[PDB]
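> Before we start, here is the structure in question, set down as structure tokens.
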Amino acid sequence: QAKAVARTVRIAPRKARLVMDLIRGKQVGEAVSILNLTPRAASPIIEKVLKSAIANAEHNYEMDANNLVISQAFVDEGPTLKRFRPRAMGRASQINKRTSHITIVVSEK
Amino acid sequence: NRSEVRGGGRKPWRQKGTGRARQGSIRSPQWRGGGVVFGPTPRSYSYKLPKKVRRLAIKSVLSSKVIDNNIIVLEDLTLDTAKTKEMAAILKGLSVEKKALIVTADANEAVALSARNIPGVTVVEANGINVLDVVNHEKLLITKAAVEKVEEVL
Amino acid sequence: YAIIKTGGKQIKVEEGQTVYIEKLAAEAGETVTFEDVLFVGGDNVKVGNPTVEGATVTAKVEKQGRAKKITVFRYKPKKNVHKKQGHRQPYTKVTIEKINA
Amino acid sequence: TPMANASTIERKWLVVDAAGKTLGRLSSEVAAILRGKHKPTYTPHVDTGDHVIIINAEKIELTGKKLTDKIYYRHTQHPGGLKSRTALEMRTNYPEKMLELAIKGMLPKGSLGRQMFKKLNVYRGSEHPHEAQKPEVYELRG
Amino acid sequence: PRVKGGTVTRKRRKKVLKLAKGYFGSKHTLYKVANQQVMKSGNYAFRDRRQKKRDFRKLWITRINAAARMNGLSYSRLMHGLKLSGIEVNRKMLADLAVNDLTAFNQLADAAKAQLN
Amino acid sequence: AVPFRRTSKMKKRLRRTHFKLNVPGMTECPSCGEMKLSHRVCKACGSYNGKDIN
RNA sequence: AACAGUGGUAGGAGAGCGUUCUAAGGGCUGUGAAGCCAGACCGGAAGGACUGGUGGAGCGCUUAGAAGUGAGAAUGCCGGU
RNA sequence: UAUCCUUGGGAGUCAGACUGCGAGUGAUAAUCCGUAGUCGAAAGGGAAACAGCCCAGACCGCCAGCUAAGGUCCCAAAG
RNA sequence: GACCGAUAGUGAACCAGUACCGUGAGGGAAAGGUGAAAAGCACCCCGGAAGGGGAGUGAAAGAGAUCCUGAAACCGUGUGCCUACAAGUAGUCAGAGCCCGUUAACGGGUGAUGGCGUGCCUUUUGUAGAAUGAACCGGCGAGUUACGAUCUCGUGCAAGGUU
């Protein structure tokens, strides 16, 4: 098994999860092809994380490509930035700019 | 307390038009940095007992030691030199291994300065005896002259 | 196959089985005999009107203990009345060896 | 420690004719049979009844003037919708439905009651198709 | 001195939440609703521990009634005969033996009928 | 109008049942391209099942 | 032992459980203390032990004494979600 | 039959509700007084649901028995 | 010092009468902890970089810069049991089937079906209320001290007691 994690990427959870639901449990080549064809914000980030995991598996532990499957994949929440937006009649509103962690673990089938 | 914390003196905000609780000050007891309700205040814990009660107490604590032969009376105590080694040797000569209380008539500088550093030994004059000191230490050594003077006082 | 009366209740017993009943005040190891035999089954059938005449059931005692704890809690709304306590009901275990009709 | 029952039971088949017998005095007994209260292995939370087949259901009888006065109502949930039928039309046009309603009103409500009701078969006339089940005739004890 | 007051509230509150394990939704996570429900189940058990005593007598009576009506007697007549044909003290629970061994129950019914007439 | 009461986790999860994406249309690599989309160009060289363009 | 009794708001009376500090004796820790997590153990209640994981240096028992002494609600205050 | 007095220490309460029984009203169409009960401070069973009506006073456990008000064709135990 | 130990103690343990608010007098915060020692990650791989996986230092890297411990609310991944004819202050008593195996105990988890069952506090003669209050979790938050009066209990002495 090989693991790759990206911490505090400026993307809210519940948006990265939609894409991650597509590629869970599928083969590596199929997962990359799927990620290249969906026009969403989180796809380029998740593709980079997946390729980093692939490179780690090939180099450090001496594993083989064309045989790996996405054993684990999830998105967690992280630190939140708080901002303020003015509104009518001299009031204020709060805005939450959220961040997420992305984890992918590949393994030999 | 509430009237000594720096600040306050005015309504926090008018707090009207939206229906918040009618706050009166920002130093009220329930606020974050508010005053303390009651709590400690400087005072003195001390009272006194009738004189006969004190006399009876000291007599009782003195006689309790005699009951179980924890009082060792010796002819006289004399140290030419203020050496802690000499005092330790004297204590070891007797059967004194725990904390002990030395009582001497008048005041001897050599004995006071020789037994000062030993962890469990305390030196007092016949005038300075008291219930707590004698009830705390295990064995009481007293000079015969001190015995006579204590008998005379009481 | 006999119907005996003990502990203000009635049970059905055949030899070789184990039962739990109320405290018999008997130290674990001796033998108790039940006298109130109401019914006897198997082959011939005997039905005593209050009891079957001359019937005693033998058993031995091996454990006296207490059941699992039951917590009794009661309360009354709006009147600030609470009450809590615990209970462990004692019991005695016995196995039958002879119906002895 | 008594014994409950769980799926290790058998259901018999009974056939009762409704020629001459009055409505309620037969429906009550049929409902009692359906719930399974006639056997010593009764159990409240388990179906233990039998299957009841009724024949000649169109020859039922009612006492008094009820045959022209008892009225069956229903509501269609729309405003002003309240449909009514006299007992004579119910007897001469939907004979089985009257018996089904009378028996169903006598059964407990809930899941088990509605699953109990599925064991009742009502036929107008004197012919039923249930031959492979070998029905056994059963007179009304009450 | 000052007593800060920590480590005591958590220990007491955690025991309430442990008895609420298995409840539906927020009733097993939030303290206030958990305490409300554990208190309510306190006297739901006391009430039922006495209903249970009078809910098995009904079952025994129903079974005995069915078994007796299988013999031609009714429940009331059978019980009167038993109470009068001697006594044969027999709790309804132990007269439920109609289910297991039906032959003996018929003997008891025969005795009751013999005395009843 | 304001909500009368908060909504539990179960109702929210049941509401989000149909809020998901779809797997795209997968076809052959055009002119040894990289797994192009249906009725479109290859990612490599803009190829149409080997018919390169742009 | 034998009898008799044990619903309860405002209230009166009695007996107890826990938290921090001080005094003496007695003694547990780097062969793992306080704290946190889990469990199918023990008392009539408040409550108390025993095993395993984490933690990495301080804590508890018996008898007395002194209190900033026990939280579910005050359109309570502060923070997080 | 076991309650009563005197002294001394602490309280809380301060012009409640409904239903029977005997007198006087609005207009015996909501009232007044005397008397008894229950709720307030009382759970359980019956009146379909129903603080005040009927029976009856919960220390705890039992898968034992006899009864009160009310009931015995099926919901729902018993003719 | 039978005084506090970071919501406590000065408003202020930290570049505090600072930041911020107001024309002005004036009002007035939040914010401590790597390790014994920087020995603060040479070198290789993915990546534009941030961030990761190896190798290395170290007793510990799950101590890597908001860095001792890391509770609850809130957000997720995997799985054992149940769930698409069912009316619900959701719990309690009875109970099949299935899955496990404990501080061995008349054991643990789930739960088809049957019976019963109108949340908590405050106030009122009386509340299920369509009478008030609470979005949830955590911390803080209310019968004290001094001097007088009277009564109970305890101790010393006693026609005397006491500074």
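If you're wondering about the labels, chains in the structure tokens are A, B, ... by order shown, residues count from 1 in each chain, ligands from 1 in order shown.
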When the cut-off is 9 Å and we count only C-alpha atoms (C1' of nucleotides), which residues of chain G are near chain C, given as a PDB file with N, CA, C and O atoms (P, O5', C5', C4', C3', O3' and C1' of nucleotides), in the first residue's frame?

ATOM      1  P     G G   8     -42.974   9.317  49.491  1.00  0.00           P
ATOM      2  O5'   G G   8     -43.724  10.701  49.260  1.00  0.00           O
ATOM      3  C5'   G G   8     -43.744  11.326  47.986  1.00  0.00           C
ATOM      4  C4'   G G   8     -44.666  12.518  47.982  1.00  0.00           C
ATOM      5  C3'   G G   8     -44.222  13.698  48.829  1.00  0.00           C
ATOM      6  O3'   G G   8     -43.315  14.541  48.139  1.00  0.00           O
ATOM      7  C1'   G G   8     -46.467  13.177  49.330  1.00  0.00           C
ATOM      8  P     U G   9     -42.564  15.744  48.891  1.00  0.00           P
ATOM      9  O5'   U G   9     -43.280  17.047  48.329  1.00  0.00           O
ATOM     10  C5'   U G   9     -43.185  17.388  46.955  1.00  0.00           C
ATOM     11  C4'   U G   9     -43.811  18.731  46.675  1.00  0.00           C
ATOM     12  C3'   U G   9     -43.433  19.852  47.627  1.00  0.00           C
ATOM     13  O3'   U G   9     -42.188  20.443  47.303  1.00  0.00           O
ATOM     14  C1'   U G   9     -45.774  19.840  47.310  1.00  0.00           C
ATOM     15  P     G G  44     -26.825  -3.261  48.746  1.00  0.00           P
ATOM     16  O5'   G G  44     -27.433  -2.224  47.703  1.00  0.00           O
ATOM     17  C5'   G G  44     -28.811  -2.236  47.367  1.00  0.00           C
ATOM     18  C4'   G G  44     -29.387  -0.844  47.412  1.00  0.00           C
ATOM     19  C3'   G G  44     -28.405   0.272  47.092  1.00  0.00           C
ATOM     20  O3'   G G  44     -28.339   0.506  45.697  1.00  0.00           O
ATOM     21  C1'   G G  44     -29.618   0.790  49.074  1.00  0.00           C
ATOM     22  P     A G  45     -27.180   1.411  45.062  1.00  0.00           P
ATOM     23  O5'   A G  45     -27.689   2.902  45.275  1.00  0.00           O
ATOM     24  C5'   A G  45     -28.624   3.497  44.389  1.00  0.00           C
ATOM     25  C4'   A G  45     -28.690   4.986  44.612  1.00  0.00           C
ATOM     26  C3'   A G  45     -27.355   5.705  44.504  1.00  0.00           C
ATOM     27  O3'   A G  45     -27.100   6.122  43.174  1.00  0.00           O
ATOM     28  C1'   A G  45     -28.392   6.267  46.555  1.00  0.00           C
TER      29        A G  45
END
> DSSP on the backbone: what in range 20-73 of chain D comes out strand (DSSP E), as a list in words?
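Assigned to strand (DSSP E), within range 20-73 of chain D: residues 51, 52, 53, 54, 55, 71, 72 and 73 of chain D.
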> Keeping only N, CA and C atoms, write the selected residues to a file as a compact mmCIF listing (two decimals), in the first residue's frame.

# COMPACT_ATOMS: atom_id res chain seq x y z
N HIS D 51 -57.71 -21.32 7.59
CA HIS D 51 -58.27 -20.77 6.37
C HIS D 51 -59.76 -21.07 6.34
N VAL D 52 -60.57 -20.04 6.08
CA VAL D 52 -62.02 -20.16 6.13
C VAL D 52 -62.58 -19.84 4.75
N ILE D 53 -63.32 -20.79 4.19
CA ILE D 53 -64.00 -20.63 2.90
C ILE D 53 -65.49 -20.58 3.17
N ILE D 54 -66.16 -19.57 2.61
CA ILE D 54 -67.59 -19.38 2.78
C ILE D 54 -68.26 -19.58 1.43
N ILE D 55 -69.32 -20.40 1.42
CA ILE D 55 -70.08 -20.67 0.20
C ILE D 55 -71.52 -20.26 0.44
N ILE D 71 -77.56 1.11 6.16
CA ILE D 71 -76.98 1.87 5.07
C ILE D 71 -75.47 1.87 5.23
N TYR D 72 -74.76 1.56 4.15
CA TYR D 72 -73.30 1.56 4.13
C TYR D 72 -72.83 2.87 3.52
N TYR D 73 -71.99 3.60 4.24
CA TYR D 73 -71.46 4.88 3.80
C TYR D 73 -69.99 4.73 3.42
> Please, what distance in Å, to one decimal, runs between CA of residue 51 in chain E and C1' of residue 93 in chain I?
7.9 Å
> With a cut-off of 8 Å, could you pull out the residues of chain E touching chain C and give me the nearest pair of atoms for each, distance in Å to one decimal, using only C-alpha atoms, ordered by chain and ascending number, as a Markdown table?

| residue | atom | partner | partner_atom | distance |
| --- | --- | --- | --- | --- |
| E:39 | CA | C:73 | CA | 7.6 |
| E:42 | CA | C:73 | CA | 4.9 |
| E:43 | CA | C:74 | CA | 5.2 |
| E:46 | CA | C:72 | CA | 7.1 |
| E:85 | CA | C:49 | CA | 7.7 |
| E:86 | CA | C:49 | CA | 5.1 |
| E:87 | CA | C:49 | CA | 5.8 |
| E:88 | CA | C:49 | CA | 5.0 |
| E:89 | CA | C:50 | CA | 6.7 |
| E:90 | CA | C:10 | CA | 7.8 |
| E:91 | CA | C:10 | CA | 7.1 |
| E:94 | CA | C:10 | CA | 7.1 |
| E:104 | CA | C:41 | CA | 7.8 |
> What is the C1' of residue 22 in chain H to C1' of residue 56 in chain H distance in Å?
29.5 Å
> Tell me the residues of chain F close to chain A, meaning within 8 Å using only C-alpha atoms, as a ChimeraX atom specification.
/F:20-24,34-35,37
> Any idea which chain E residues end up within 10 Å of chain I if we count only C-alpha atoms (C1' of nucleotides), as a ChimeraX atom specification please?
/E:1-2,4,6,10,23-25,27,29-33,35-38,40-52,55-56
> Give me, as number ranges by chain, the contact residues of chain H against chain C at a cut-off of 9 Å, counting only C-alpha atoms (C1' of nucleotides).
H: 60-62, 64
> To one decimal place in Å, what is the distance between CA of residue 37 in chain B and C1' of residue 6 in chain I?
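Going from CA of residue 37 in chain B over to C1' of residue 6 in chain I, I get 21.2 Å.
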